[PDB]
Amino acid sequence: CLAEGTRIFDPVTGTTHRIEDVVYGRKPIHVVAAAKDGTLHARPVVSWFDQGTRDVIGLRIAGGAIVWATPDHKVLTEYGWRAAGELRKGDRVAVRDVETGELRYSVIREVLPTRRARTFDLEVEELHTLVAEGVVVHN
C-alpha cells in the first residue's frame, strides 16, 4: 500500500499525478512499469484501490525522493523484490533515471519513522509494477 501524496509519473502524457487523485476519480492513466528482464515500459492502470489508512514508513532516496509506503510493500532493490520495512540506510533501490528513463539503483539516505495516512494501490496491465516517487515498486 502507498500513502496519499505519492507521485505517479504518467509516462505517456508526461503528467505527474498524486496517487489518491488517480484513485478517487478512477483515472485511466499510464505509469512506468519494469519488465522482469529489468526495463521500463508504459502501461495503463486497469484497477484502482482505496486501501484505507495504514501505517507507512518513508524511504528518502538519493536525489530527493521520499517513498511513503506500508512496510510490506515490495520495492525493487539490489536484491530484487523486498519489503520496505526491512530496508535500511545504504540499501539500494531500483529507480527511473529522470534523464535517460532507464532503471538504475540509488542509495537510501534515511528511513523515516512510521505514520498513519490514507493508502492506495493501482494494478497495471501485464508487467504488474509502477514507478512511484522515482522508485520502482510492486503494483
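Residue numbers here begin at 1 and follow the sequence given.
When the two stretches 52-60 and 33-41 are set side by side, the higher mean Cα temperature factor goes to 33-41.
Here 111-119 and 126-134 are compared by their mean Cα B-factor, and 111-119 comes out higher.
In the PDB entry, a CA B factor belonging to the lowest third of its chain's modelled residues is recorded for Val93. Ranked by Cα temperature factor within the chain, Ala84 sits in the highest third according to the deposited record. Ranked against the other modelled residues of its chain, the C-alpha B-factor of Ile8 as given in the entry falls in the lowest third. Per-chain ranking of the deposited C-alpha B factor places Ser106 in the lowest third.
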